[PDB]
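Numbering (my numbering), first residue to last: 6 to 126.
Cβ atoms here follow ideal geometry from the backbone N, Cα and C, with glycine treated the same way.
Below: the structure, in structure tokens.
Below you can see the structure in the form of structure tokens.
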């Protein structure tokens, strides 16, 4: 049906925008602390602490399968990355401090993207 095609065109456009948003967000992580999942090999207890791990590559996998239906969903995953890090790691660490900076820098990008998604539909 043509209604379905048009829904699909709207999903695809959302995806193109969310990719741009992701690249922007990832540029606020020049160190690549958040680029890949935490290794269970190198932090074996991680899943006793963090119930829903998240990272940029995993977000990128989901994105290219158009698995984000809206910006809320993508914002949830982004917030997991930050929030997982600020729980697992202590306040005086390079990891925690990179989360804070990503949150603050990310908040700007996400402030405008919320307008571009409303405004463009």
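Using a 10 Å radius around the Cβ and a threshold of 16 neighbouring Cβ atoms, would you call residue i buried or exposed?
i: residue 123; result: exposed
i: residue 12; result: exposed
i: residue 26; result: buried
i: residue 52; result: exposed
CA-CA distance, residue i and residue j?
i: residue 90; j: residue 7; result: 44 Å
i: residue 87; j: residue 15; result: 28 Å
i: residue 76; j: residue 70; result: 15 Å
i: residue 43; j: residue 56; result: 12 Å
Between which two residues does the alpha helix (DSSP H) harbouring residue i extend?
i: residue 100; result: 99-125
i: residue 31; result: 7-32
> Taking three-plus beta-carbon pairs below 8 Å as touching, is the stretch 52-66 in contact with the stretch 95-107?
Replying inline: No: the two stretches stay apart, fewer than three of their Cβ pairs being nearer than 8 Å.
> Is there contact between the stretch 27-39 and the stretch 106-117, where contact requires at least three CB pairs shorter than 8 Å?
Replying inline: Taking 8 Å as the limit for Cβ pairs, the verdict is that the stretch 106-117 does touch the stretch 27-39.
>> What ranges does the alpha helix (DSSP H) occupy inside the stretch 47-83, keeping only unbroken runs of at least 4 residues that lie completely in it?
In response: Every alpha helix (DSSP H) stretch that sits fully inside the stretch 47-83 and reaches 4 residues is listed by chain position as 51-54 and 61-69.
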